[PDB]
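Trainee: My file is coords_15.cif. It has mmCIF, N, CA, C and O atoms:
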```
data_start
loop_
_atom_site.label_atom_id
_atom_site.label_comp_id
_atom_site.auth_asym_id
_atom_site.auth_seq_id
_atom_site.Cartn_x
_atom_site.Cartn_y
_atom_site.Cartn_z
N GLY G 1 -14.69 0.80 -7.54
CA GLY G 1 -15.68 0.68 -8.59
C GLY G 1 -16.07 -0.77 -8.82
O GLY G 1 -15.43 -1.72 -8.37
N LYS G 2 -17.17 -0.94 -9.56
CA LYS G 2 -17.69 -2.27 -9.83
C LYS G 2 -16.88 -2.96 -10.93
O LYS G 2 -16.30 -2.32 -11.81
N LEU G 3 -16.84 -4.29 -10.85
CA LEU G 3 -16.19 -5.09 -11.87
C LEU G 3 -17.19 -5.47 -12.96
O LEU G 3 -18.31 -5.90 -12.68
N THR G 4 -16.77 -5.31 -14.21
CA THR G 4 -17.56 -5.70 -15.37
C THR G 4 -16.97 -6.98 -15.95
O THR G 4 -15.82 -6.98 -16.40
N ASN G 5 -17.74 -8.06 -15.92
CA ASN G 5 -17.26 -9.34 -16.42
C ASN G 5 -17.50 -9.46 -17.92
O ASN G 5 -18.46 -8.91 -18.46
N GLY G 6 -16.61 -10.19 -18.59
CA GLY G 6 -16.70 -10.33 -20.03
C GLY G 6 -16.23 -9.13 -20.81
O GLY G 6 -16.61 -8.97 -21.97
N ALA G 7 -15.40 -8.27 -20.21
CA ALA G 7 -14.92 -7.07 -20.87
C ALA G 7 -13.53 -6.73 -20.35
O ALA G 7 -13.12 -7.16 -19.27
N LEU G 8 -12.80 -5.95 -21.15
CA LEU G 8 -11.46 -5.50 -20.80
C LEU G 8 -11.36 -3.98 -20.91
O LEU G 8 -11.96 -3.37 -21.80
N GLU G 9 -10.59 -3.39 -20.01
CA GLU G 9 -10.34 -1.95 -20.06
C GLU G 9 -9.19 -1.67 -21.01
O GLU G 9 -8.05 -2.07 -20.76
N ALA G 10 -9.48 -0.97 -22.11
CA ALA G 10 -8.46 -0.62 -23.08
C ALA G 10 -7.60 0.53 -22.56
O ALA G 10 -7.86 1.11 -21.50
N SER G 11 -6.56 0.86 -23.31
CA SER G 11 -5.67 1.95 -22.93
C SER G 11 -6.38 3.29 -23.08
O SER G 11 -7.46 3.39 -23.66
N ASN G 12 -5.75 4.35 -22.56
CA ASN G 12 -6.34 5.68 -22.57
C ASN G 12 -5.47 6.69 -23.31
O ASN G 12 -5.59 7.90 -23.07
N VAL G 13 -4.61 6.23 -24.21
CA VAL G 13 -3.74 7.11 -24.98
C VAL G 13 -4.47 7.54 -26.25
O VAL G 13 -5.02 6.71 -26.97
N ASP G 14 -4.50 8.84 -26.49
CA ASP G 14 -5.10 9.37 -27.71
C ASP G 14 -4.01 9.64 -28.75
O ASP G 14 -3.08 10.42 -28.50
N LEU G 15 -4.13 8.99 -29.91
CA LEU G 15 -3.08 9.03 -30.92
C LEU G 15 -2.87 10.42 -31.51
O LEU G 15 -1.72 10.80 -31.77
N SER G 16 -3.94 11.18 -31.73
CA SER G 16 -3.79 12.52 -32.29
C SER G 16 -3.02 13.43 -31.34
O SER G 16 -2.11 14.16 -31.76
N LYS G 17 -3.37 13.39 -30.05
CA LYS G 17 -2.65 14.18 -29.06
C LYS G 17 -1.19 13.77 -29.01
O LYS G 17 -0.29 14.62 -28.90
N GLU G 18 -0.92 12.47 -29.09
CA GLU G 18 0.45 11.99 -29.07
C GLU G 18 1.24 12.50 -30.27
O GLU G 18 2.39 12.92 -30.13
N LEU G 19 0.63 12.48 -31.46
CA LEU G 19 1.32 12.96 -32.65
C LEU G 19 1.62 14.46 -32.55
O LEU G 19 2.72 14.91 -32.90
N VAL G 20 0.64 15.24 -32.09
CA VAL G 20 0.87 16.68 -31.97
C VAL G 20 1.95 16.98 -30.94
O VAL G 20 2.83 17.83 -31.15
N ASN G 21 1.91 16.28 -29.80
CA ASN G 21 2.95 16.46 -28.79
C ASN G 21 4.31 16.04 -29.32
O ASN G 21 5.33 16.64 -28.96
N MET G 22 4.35 15.01 -30.17
CA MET G 22 5.61 14.61 -30.79
C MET G 22 6.15 15.72 -31.68
O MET G 22 7.35 16.00 -31.69
N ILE G 23 5.27 16.37 -32.45
CA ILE G 23 5.69 17.49 -33.29
C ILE G 23 6.28 18.61 -32.43
O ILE G 23 7.36 19.15 -32.72
N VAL G 24 5.58 18.96 -31.35
CA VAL G 24 6.04 20.04 -30.48
C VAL G 24 7.38 19.68 -29.83
O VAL G 24 8.28 20.52 -29.73
N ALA G 25 7.51 18.44 -29.38
CA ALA G 25 8.76 18.00 -28.75
C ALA G 25 9.91 18.01 -29.74
O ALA G 25 11.03 18.38 -29.39
N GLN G 26 9.66 17.59 -30.99
CA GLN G 26 10.68 17.67 -32.02
C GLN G 26 11.13 19.11 -32.23
O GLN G 26 12.33 19.39 -32.37
N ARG G 27 10.18 20.04 -32.26
CA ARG G 27 10.53 21.44 -32.46
C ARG G 27 11.38 21.97 -31.31
O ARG G 27 12.38 22.67 -31.53
N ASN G 28 10.99 21.65 -30.07
CA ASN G 28 11.78 22.07 -28.92
C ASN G 28 13.18 21.47 -28.94
O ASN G 28 14.17 22.16 -28.63
N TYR G 29 13.29 20.19 -29.31
CA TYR G 29 14.58 19.53 -29.40
C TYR G 29 15.47 20.20 -30.44
O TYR G 29 16.66 20.42 -30.19
N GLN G 30 14.91 20.54 -31.60
CA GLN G 30 15.70 21.20 -32.63
C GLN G 30 16.13 22.59 -32.19
O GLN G 30 17.24 23.03 -32.50
N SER G 31 15.27 23.30 -31.46
CA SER G 31 15.66 24.62 -30.94
C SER G 31 16.83 24.50 -29.96
O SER G 31 17.78 25.29 -30.01
N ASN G 32 16.77 23.51 -29.07
CA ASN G 32 17.88 23.31 -28.13
C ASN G 32 19.16 22.93 -28.86
O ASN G 32 20.26 23.37 -28.49
N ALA G 33 19.04 22.10 -29.90
CA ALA G 33 20.21 21.75 -30.70
C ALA G 33 20.80 22.98 -31.39
O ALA G 33 22.02 23.11 -31.51
N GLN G 34 19.93 23.89 -31.85
CA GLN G 34 20.42 25.13 -32.44
C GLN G 34 21.16 25.98 -31.41
O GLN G 34 22.17 26.61 -31.73
N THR G 35 20.67 26.00 -30.17
CA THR G 35 21.39 26.70 -29.11
C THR G 35 22.78 26.09 -28.89
O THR G 35 23.78 26.81 -28.74
N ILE G 36 22.85 24.76 -28.87
CA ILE G 36 24.14 24.08 -28.72
C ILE G 36 25.07 24.47 -29.87
O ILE G 36 26.26 24.75 -29.66
N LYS G 37 24.54 24.48 -31.09
CA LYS G 37 25.34 24.85 -32.26
C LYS G 37 25.87 26.27 -32.13
O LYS G 37 27.03 26.55 -32.44
N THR G 38 25.02 27.19 -31.67
CA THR G 38 25.44 28.58 -31.52
C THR G 38 26.58 28.70 -30.51
O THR G 38 27.57 29.39 -30.76
N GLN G 39 26.46 28.02 -29.37
CA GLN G 39 27.52 28.08 -28.37
C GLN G 39 28.81 27.46 -28.89
O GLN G 39 29.91 27.95 -28.61
N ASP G 40 28.70 26.37 -29.65
CA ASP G 40 29.89 25.75 -30.23
C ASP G 40 30.58 26.71 -31.19
O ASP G 40 31.81 26.86 -31.15
N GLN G 41 29.81 27.38 -32.04
CA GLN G 41 30.41 28.34 -32.97
C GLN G 41 31.04 29.51 -32.23
O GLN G 41 32.08 30.04 -32.66
N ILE G 42 30.43 29.94 -31.12
CA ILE G 42 31.01 31.03 -30.33
C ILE G 42 32.35 30.61 -29.74
O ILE G 42 33.33 31.37 -29.78
N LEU G 43 32.42 29.40 -29.19
CA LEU G 43 33.70 28.90 -28.70
C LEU G 43 34.72 28.81 -29.82
O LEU G 43 35.90 29.13 -29.63
N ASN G 44 34.29 28.39 -31.01
CA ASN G 44 35.20 28.28 -32.14
C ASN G 44 35.78 29.64 -32.54
O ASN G 44 36.99 29.76 -32.75
N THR G 45 34.93 30.66 -32.64
CA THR G 45 35.43 31.97 -33.06
C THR G 45 36.28 32.61 -31.96
O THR G 45 37.20 33.38 -32.24
N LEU G 46 35.98 32.30 -30.70
CA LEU G 46 36.85 32.75 -29.62
C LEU G 46 38.22 32.09 -29.71
O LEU G 46 39.25 32.75 -29.51
N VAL G 47 38.26 30.79 -30.03
CA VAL G 47 39.53 30.09 -30.13
C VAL G 47 40.34 30.61 -31.32
O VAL G 47 41.56 30.81 -31.21
N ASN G 48 39.68 30.86 -32.45
CA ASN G 48 40.41 31.21 -33.67
C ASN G 48 41.08 32.57 -33.56
O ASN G 48 41.92 32.92 -34.41
N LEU G 49 40.74 33.35 -32.55
CA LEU G 49 41.37 34.65 -32.34
C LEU G 49 42.87 34.52 -32.08
O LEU G 49 43.57 35.51 -31.90
N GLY L 1 -52.46 -21.75 -18.29
CA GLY L 1 -53.52 -21.72 -19.28
C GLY L 1 -53.91 -23.11 -19.76
O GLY L 1 -53.33 -24.13 -19.40
N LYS L 2 -54.93 -23.13 -20.61
CA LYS L 2 -55.46 -24.37 -21.15
C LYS L 2 -54.52 -24.96 -22.19
O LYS L 2 -53.76 -24.25 -22.87
N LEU L 3 -54.57 -26.28 -22.32
CA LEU L 3 -53.89 -26.97 -23.40
C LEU L 3 -54.89 -27.39 -24.46
O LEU L 3 -55.95 -27.95 -24.15
N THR L 4 -54.57 -27.11 -25.72
CA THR L 4 -55.41 -27.51 -26.84
C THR L 4 -54.72 -28.65 -27.60
O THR L 4 -53.57 -28.51 -28.02
N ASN L 5 -55.43 -29.77 -27.74
CA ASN L 5 -54.87 -30.93 -28.42
C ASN L 5 -55.16 -30.87 -29.91
O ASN L 5 -56.14 -30.27 -30.35
N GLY L 6 -54.29 -31.50 -30.69
CA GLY L 6 -54.42 -31.46 -32.13
C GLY L 6 -54.01 -30.15 -32.76
O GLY L 6 -54.42 -29.86 -33.89
N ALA L 7 -53.22 -29.34 -32.05
CA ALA L 7 -52.79 -28.04 -32.56
C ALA L 7 -51.39 -27.75 -32.06
O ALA L 7 -50.94 -28.31 -31.05
N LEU L 8 -50.70 -26.86 -32.77
CA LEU L 8 -49.35 -26.45 -32.42
C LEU L 8 -49.27 -24.94 -32.33
O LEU L 8 -49.92 -24.22 -33.10
N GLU L 9 -48.47 -24.45 -31.39
CA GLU L 9 -48.26 -23.02 -31.22
C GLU L 9 -47.17 -22.56 -32.18
O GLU L 9 -46.00 -22.94 -32.04
N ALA L 10 -47.55 -21.73 -33.15
CA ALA L 10 -46.60 -21.26 -34.15
C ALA L 10 -45.74 -20.15 -33.57
O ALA L 10 -45.93 -19.68 -32.44
N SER L 11 -44.75 -19.71 -34.36
CA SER L 11 -43.84 -18.66 -33.93
C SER L 11 -44.58 -17.33 -33.83
O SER L 11 -45.67 -17.14 -34.38
N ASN L 12 -43.96 -16.38 -33.13
CA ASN L 12 -44.57 -15.08 -32.89
C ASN L 12 -43.79 -13.95 -33.55
O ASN L 12 -43.79 -12.82 -33.04
N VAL L 13 -43.12 -14.22 -34.66
CA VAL L 13 -42.35 -13.21 -35.37
C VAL L 13 -43.21 -12.62 -36.48
O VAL L 13 -43.94 -13.35 -37.17
N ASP L 14 -43.15 -11.30 -36.64
CA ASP L 14 -43.85 -10.64 -37.73
C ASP L 14 -42.85 -10.19 -38.79
O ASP L 14 -41.96 -9.38 -38.51
N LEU L 15 -43.00 -10.73 -40.00
CA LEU L 15 -42.01 -10.54 -41.05
C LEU L 15 -41.88 -9.09 -41.50
O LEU L 15 -40.76 -8.64 -41.78
N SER L 16 -42.99 -8.36 -41.58
CA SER L 16 -42.93 -6.96 -42.00
C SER L 16 -42.09 -6.13 -41.03
O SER L 16 -41.21 -5.36 -41.44
N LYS L 17 -42.36 -6.28 -39.73
CA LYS L 17 -41.61 -5.54 -38.72
C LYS L 17 -40.14 -5.93 -38.76
O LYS L 17 -39.25 -5.09 -38.60
N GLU L 18 -39.86 -7.22 -38.98
CA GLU L 18 -38.48 -7.68 -39.05
C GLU L 18 -37.75 -7.05 -40.24
O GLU L 18 -36.59 -6.64 -40.11
N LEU L 19 -38.41 -6.98 -41.39
CA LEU L 19 -37.78 -6.36 -42.56
C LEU L 19 -37.51 -4.88 -42.33
O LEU L 19 -36.44 -4.37 -42.68
N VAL L 20 -38.48 -4.17 -41.74
CA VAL L 20 -38.27 -2.74 -41.48
C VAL L 20 -37.14 -2.54 -40.47
O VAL L 20 -36.31 -1.63 -40.62
N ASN L 21 -37.09 -3.38 -39.44
CA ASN L 21 -36.01 -3.29 -38.46
C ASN L 21 -34.66 -3.60 -39.11
O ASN L 21 -33.65 -2.99 -38.74
N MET L 22 -34.63 -4.53 -40.06
CA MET L 22 -33.39 -4.79 -40.79
C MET L 22 -32.96 -3.56 -41.58
O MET L 22 -31.77 -3.25 -41.65
N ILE L 23 -33.92 -2.87 -42.20
CA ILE L 23 -33.59 -1.65 -42.94
C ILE L 23 -32.97 -0.62 -42.00
O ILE L 23 -31.93 -0.01 -42.30
N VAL L 24 -33.60 -0.41 -40.84
CA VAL L 24 -33.11 0.57 -39.88
C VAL L 24 -31.72 0.19 -39.38
O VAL L 24 -30.83 1.04 -39.27
N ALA L 25 -31.52 -1.09 -39.07
CA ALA L 25 -30.22 -1.55 -38.59
C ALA L 25 -29.15 -1.41 -39.67
O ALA L 25 -28.00 -1.07 -39.36
N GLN L 26 -29.51 -1.68 -40.93
CA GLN L 26 -28.59 -1.45 -42.04
C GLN L 26 -28.13 0.00 -42.07
O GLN L 26 -26.94 0.29 -42.19
N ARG L 27 -29.09 0.93 -41.97
CA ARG L 27 -28.74 2.34 -42.04
C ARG L 27 -27.86 2.75 -40.86
O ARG L 27 -26.89 3.51 -41.03
N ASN L 28 -28.17 2.25 -39.66
CA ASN L 28 -27.34 2.56 -38.50
C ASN L 28 -25.92 2.01 -38.66
O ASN L 28 -24.94 2.68 -38.32
N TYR L 29 -25.80 0.78 -39.18
CA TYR L 29 -24.49 0.18 -39.41
C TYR L 29 -23.69 1.00 -40.41
O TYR L 29 -22.48 1.22 -40.21
N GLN L 30 -24.33 1.46 -41.48
CA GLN L 30 -23.62 2.28 -42.46
C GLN L 30 -23.21 3.62 -41.87
O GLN L 30 -22.13 4.14 -42.19
N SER L 31 -24.05 4.21 -41.01
CA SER L 31 -23.67 5.46 -40.35
C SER L 31 -22.44 5.26 -39.47
O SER L 31 -21.52 6.09 -39.46
N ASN L 32 -22.40 4.16 -38.72
CA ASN L 32 -21.22 3.87 -37.91
C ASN L 32 -20.00 3.63 -38.79
O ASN L 32 -18.87 3.99 -38.42
N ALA L 33 -20.20 3.01 -39.95
CA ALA L 33 -19.09 2.83 -40.89
C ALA L 33 -18.55 4.17 -41.37
O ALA L 33 -17.33 4.34 -41.51
N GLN L 34 -19.43 5.13 -41.64
CA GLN L 34 -18.98 6.47 -42.00
C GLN L 34 -18.22 7.13 -40.85
O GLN L 34 -17.26 7.87 -41.08
N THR L 35 -18.66 6.89 -39.61
CA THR L 35 -17.91 7.41 -38.47
C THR L 35 -16.49 6.84 -38.44
O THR L 35 -15.51 7.56 -38.21
N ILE L 36 -16.37 5.53 -38.68
CA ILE L 36 -15.05 4.89 -38.71
C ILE L 36 -14.20 5.49 -39.82
O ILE L 36 -13.01 5.76 -39.64
N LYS L 37 -14.80 5.69 -40.99
CA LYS L 37 -14.07 6.27 -42.12
C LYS L 37 -13.61 7.69 -41.80
O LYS L 37 -12.50 8.10 -42.18
N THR L 38 -14.45 8.45 -41.11
CA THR L 38 -14.07 9.80 -40.68
C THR L 38 -12.85 9.75 -39.77
O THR L 38 -11.89 10.51 -39.97
N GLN L 39 -12.87 8.87 -38.77
CA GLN L 39 -11.72 8.77 -37.87
C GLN L 39 -10.47 8.32 -38.63
O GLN L 39 -9.35 8.77 -38.35
N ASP L 40 -10.66 7.42 -39.60
CA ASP L 40 -9.53 6.95 -40.41
C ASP L 40 -8.91 8.10 -41.19
O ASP L 40 -7.68 8.23 -41.25
N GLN L 41 -9.74 8.94 -41.81
CA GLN L 41 -9.20 10.03 -42.61
C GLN L 41 -8.58 11.11 -41.72
O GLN L 41 -7.61 11.76 -42.11
N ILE L 42 -9.14 11.30 -40.52
CA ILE L 42 -8.49 12.16 -39.52
C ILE L 42 -7.08 11.67 -39.21
O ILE L 42 -6.12 12.46 -39.19
N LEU L 43 -6.91 10.44 -38.79
CA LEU L 43 -5.51 10.12 -38.41
C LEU L 43 -4.65 10.30 -39.66
O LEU L 43 -3.48 10.61 -39.50
N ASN L 44 -5.20 10.20 -40.86
CA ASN L 44 -4.32 10.28 -42.04
C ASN L 44 -3.71 11.68 -42.11
O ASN L 44 -2.53 11.78 -42.40
N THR L 45 -4.50 12.71 -41.85
CA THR L 45 -3.97 14.09 -41.96
C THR L 45 -2.75 14.19 -41.06
O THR L 45 -1.72 14.67 -41.54
N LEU L 46 -2.85 13.72 -39.82
CA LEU L 46 -1.73 13.89 -38.86
C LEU L 46 -0.56 13.02 -39.32
O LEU L 46 0.57 13.50 -39.31
N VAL L 47 -0.82 11.80 -39.73
CA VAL L 47 0.30 10.90 -40.09
C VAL L 47 1.03 11.50 -41.29
O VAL L 47 2.21 11.21 -41.47
N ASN L 48 0.35 12.32 -42.09
CA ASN L 48 1.06 12.80 -43.31
C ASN L 48 1.58 14.23 -43.13
O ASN L 48 2.42 14.66 -43.96
N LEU L 49 1.16 14.94 -42.10
CA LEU L 49 1.79 16.26 -41.86
C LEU L 49 3.31 16.07 -41.93
O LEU L 49 4.01 16.52 -41.00
#
```
So that I can check it, write out the structure of this file as structure tokens.

Mentor:
Amino acid sequence: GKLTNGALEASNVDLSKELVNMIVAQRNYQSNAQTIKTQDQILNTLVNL
Amino acid sequence: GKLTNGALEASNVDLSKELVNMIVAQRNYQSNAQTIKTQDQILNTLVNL
């Protein structure tokens, strides 16, 4: 492509998309943590027998 | 072209057209300001979710 003098190419990250993806990633992370918690409790109740 | 002595070539700006163009540019600038305000209030919704 051609070079444009006197100008700079800014970044291409969209902040709204990033925030929404952060929300979704937080939700997935919390779900996985809940799975870990469930397995830990299962091991605990198996041990307490 | 010919040169005329004892005279000066004045400016070629028309004040009425300049004032009307200033009015139009003012309105365009304010419209862009409203666009900026819209984007500002948009990111606010996400930042406060």

Trainee: Between G:42, G:7, G:33, G:19, which residue has the minimum interatomic distance to chain L, considering only N, CA, C and O atoms?

Mentor: G:19

Trainee: With chain L as the partner and 8 Å as the cut-off, tabulate the residues of chain G that qualify, each row holding the nearest pair of atoms and their distance in Å to one decimal, using all atoms listed in the file, sorted by chain and rising number, as a Markdown table.

Mentor:
```
| residue | atom | partner | partner_atom | distance |
| --- | --- | --- | --- | --- |
| G:15 | C | L:43 | CA | 7.4 |
| G:16 | CA | L:43 | CA | 6.8 |
| G:19 | CA | L:46 | O | 6.7 |
| G:20 | N | L:46 | CA | 7.3 |
| G:23 | CA | L:49 | O | 8.0 |
```

Trainee: If chain L is superposed onto chain G by least squares using every Cα atom in order, what is the RMSD, in Å to one decimal?

Mentor: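 RMSD over all C-alpha atoms: 0.3 Å.
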
Trainee: As a short mmCIF file (atom, residue, chain, number, x, y, z; two decimals) with N, CA, C and O atoms, in the frame of the given file, which residues of chain G does DSSP assign to helix (DSSP H, G or I)?

Mentor:
```
data_model
loop_
_atom_site.label_atom_id
_atom_site.label_comp_id
_atom_site.auth_asym_id
_atom_site.auth_seq_id
_atom_site.Cartn_x
_atom_site.Cartn_y
_atom_site.Cartn_z
N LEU G 15 -4.13 8.99 -29.91
CA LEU G 15 -3.08 9.03 -30.92
C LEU G 15 -2.87 10.42 -31.51
O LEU G 15 -1.72 10.80 -31.77
N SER G 16 -3.94 11.18 -31.73
CA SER G 16 -3.79 12.52 -32.29
C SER G 16 -3.02 13.43 -31.34
O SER G 16 -2.11 14.16 -31.76
N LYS G 17 -3.37 13.39 -30.05
CA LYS G 17 -2.65 14.18 -29.06
C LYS G 17 -1.19 13.77 -29.01
O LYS G 17 -0.29 14.62 -28.90
N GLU G 18 -0.92 12.47 -29.09
CA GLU G 18 0.45 11.99 -29.07
C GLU G 18 1.24 12.50 -30.27
O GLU G 18 2.39 12.92 -30.13
N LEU G 19 0.63 12.48 -31.46
CA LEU G 19 1.32 12.96 -32.65
C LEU G 19 1.62 14.46 -32.55
O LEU G 19 2.72 14.91 -32.90
N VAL G 20 0.64 15.24 -32.09
CA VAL G 20 0.87 16.68 -31.97
C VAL G 20 1.95 16.98 -30.94
O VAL G 20 2.83 17.83 -31.15
N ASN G 21 1.91 16.28 -29.80
CA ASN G 21 2.95 16.46 -28.79
C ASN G 21 4.31 16.04 -29.32
O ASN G 21 5.33 16.64 -28.96
N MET G 22 4.35 15.01 -30.17
CA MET G 22 5.61 14.61 -30.79
C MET G 22 6.15 15.72 -31.68
O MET G 22 7.35 16.00 -31.69
N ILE G 23 5.27 16.37 -32.45
CA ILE G 23 5.69 17.49 -33.29
C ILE G 23 6.28 18.61 -32.43
O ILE G 23 7.36 19.15 -32.72
N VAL G 24 5.58 18.96 -31.35
CA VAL G 24 6.04 20.04 -30.48
C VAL G 24 7.38 19.68 -29.83
O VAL G 24 8.28 20.52 -29.73
N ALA G 25 7.51 18.44 -29.38
CA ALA G 25 8.76 18.00 -28.75
C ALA G 25 9.91 18.01 -29.74
O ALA G 25 11.03 18.38 -29.39
N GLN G 26 9.66 17.59 -30.99
CA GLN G 26 10.68 17.67 -32.02
C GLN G 26 11.13 19.11 -32.23
O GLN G 26 12.33 19.39 -32.37
N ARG G 27 10.18 20.04 -32.26
CA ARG G 27 10.53 21.44 -32.46
C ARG G 27 11.38 21.97 -31.31
O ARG G 27 12.38 22.67 -31.53
N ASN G 28 10.99 21.65 -30.07
CA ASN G 28 11.78 22.07 -28.92
C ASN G 28 13.18 21.47 -28.94
O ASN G 28 14.17 22.16 -28.63
N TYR G 29 13.29 20.19 -29.31
CA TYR G 29 14.58 19.53 -29.40
C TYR G 29 15.47 20.20 -30.44
O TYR G 29 16.66 20.42 -30.19
N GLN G 30 14.91 20.54 -31.60
CA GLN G 30 15.70 21.20 -32.63
C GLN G 30 16.13 22.59 -32.19
O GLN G 30 17.24 23.03 -32.50
N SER G 31 15.27 23.30 -31.46
CA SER G 31 15.66 24.62 -30.94
C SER G 31 16.83 24.50 -29.96
O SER G 31 17.78 25.29 -30.01
N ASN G 32 16.77 23.51 -29.07
CA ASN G 32 17.88 23.31 -28.13
C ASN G 32 19.16 22.93 -28.86
O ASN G 32 20.26 23.37 -28.49
N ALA G 33 19.04 22.10 -29.90
CA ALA G 33 20.21 21.75 -30.70
C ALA G 33 20.80 22.98 -31.39
O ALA G 33 22.02 23.11 -31.51
N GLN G 34 19.93 23.89 -31.85
CA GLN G 34 20.42 25.13 -32.44
C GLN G 34 21.16 25.98 -31.41
O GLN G 34 22.17 26.61 -31.73
N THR G 35 20.67 26.00 -30.17
CA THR G 35 21.39 26.70 -29.11
C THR G 35 22.78 26.09 -28.89
O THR G 35 23.78 26.81 -28.74
N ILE G 36 22.85 24.76 -28.87
CA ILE G 36 24.14 24.08 -28.72
C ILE G 36 25.07 24.47 -29.87
O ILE G 36 26.26 24.75 -29.66
N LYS G 37 24.54 24.48 -31.09
CA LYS G 37 25.34 24.85 -32.26
C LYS G 37 25.87 26.27 -32.13
O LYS G 37 27.03 26.55 -32.44
N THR G 38 25.02 27.19 -31.67
CA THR G 38 25.44 28.58 -31.52
C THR G 38 26.58 28.70 -30.51
O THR G 38 27.57 29.39 -30.76
N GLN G 39 26.46 28.02 -29.37
CA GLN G 39 27.52 28.08 -28.37
C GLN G 39 28.81 27.46 -28.89
O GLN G 39 29.91 27.95 -28.61
N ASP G 40 28.70 26.37 -29.65
CA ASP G 40 29.89 25.75 -30.23
C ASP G 40 30.58 26.71 -31.19
O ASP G 40 31.81 26.86 -31.15
N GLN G 41 29.81 27.38 -32.04
CA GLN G 41 30.41 28.34 -32.97
C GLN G 41 31.04 29.51 -32.23
O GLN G 41 32.08 30.04 -32.66
N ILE G 42 30.43 29.94 -31.12
CA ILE G 42 31.01 31.03 -30.33
C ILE G 42 32.35 30.61 -29.74
O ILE G 42 33.33 31.37 -29.78
N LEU G 43 32.42 29.40 -29.19
CA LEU G 43 33.70 28.90 -28.70
C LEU G 43 34.72 28.81 -29.82
O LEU G 43 35.90 29.13 -29.63
N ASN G 44 34.29 28.39 -31.01
CA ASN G 44 35.20 28.28 -32.14
C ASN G 44 35.78 29.64 -32.54
O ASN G 44 36.99 29.76 -32.75
N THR G 45 34.93 30.66 -32.64
CA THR G 45 35.43 31.97 -33.06
C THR G 45 36.28 32.61 -31.96
O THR G 45 37.20 33.38 -32.24
N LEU G 46 35.98 32.30 -30.70
CA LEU G 46 36.85 32.75 -29.62
C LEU G 46 38.22 32.09 -29.71
O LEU G 46 39.25 32.75 -29.51
N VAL G 47 38.26 30.79 -30.03
CA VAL G 47 39.53 30.09 -30.13
C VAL G 47 40.34 30.61 -31.32
O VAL G 47 41.56 30.81 -31.21
N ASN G 48 39.68 30.86 -32.45
CA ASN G 48 40.41 31.21 -33.67
C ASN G 48 41.08 32.57 -33.56
O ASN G 48 41.92 32.92 -34.41
#
```
